[PDB]
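There is one chain below, alone, in structure tokens, taken in the form solved without the DNA.
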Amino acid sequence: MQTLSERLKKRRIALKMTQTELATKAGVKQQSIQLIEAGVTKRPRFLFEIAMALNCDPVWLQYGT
């Protein structure tokens, strides 16, 4: 859970959401989530919005603190 992709996947799943629901609520492409969760995108463009949908601190999501 020390990687961003790991952190987002774990939190998404803790909130009982699908990648699709995450995507809808954050207003980004579902292909954007997969890439983040699959560890491709290290620096997400809409991290803020993603974090808002996951009810967590963006800083925490990006850096793990």
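Throughout, we count residues from 1 along the sequence that is shown.
Note that the form solved in complex with the DNA isn't included here; everything after this is about it.
Asker: Taking any heavy atom pair closer than or equal to 4.5 Å as contact, tell me whether residue 41 reaches the DNA in the deposited complex.
Answerer: Yes, residue 41 sits close enough to the DNA in the deposited complex that at least one of its heavy atoms falls within 4.5 Å.
Asker: Report whether the minimum heavy atom distance between residue 12 and the DNA in the deposited complex is within 4.5 Å.
Answerer: Within the cut-off, so yes.
Asker: Would you please decide whether residue 19 lies within 4.5 angstroms of the DNA in the deposited complex, comparing each non-hydrogen atom pair?
Answerer: Close contact exists here: in the deposited complex, residue 19 approaches the DNA to within 4.5 Å, heavy atoms only.
Asker: Go through 28-57 residue by residue and record those having a heavy atom within 4.5 Å of the DNA in the deposited complex; state none if no residue qualifies.
Answerer: Contacting residues: 28, 29, 30, 31, 32, 34, 35, 40, 41, 42, 43, 44, 45, 46.
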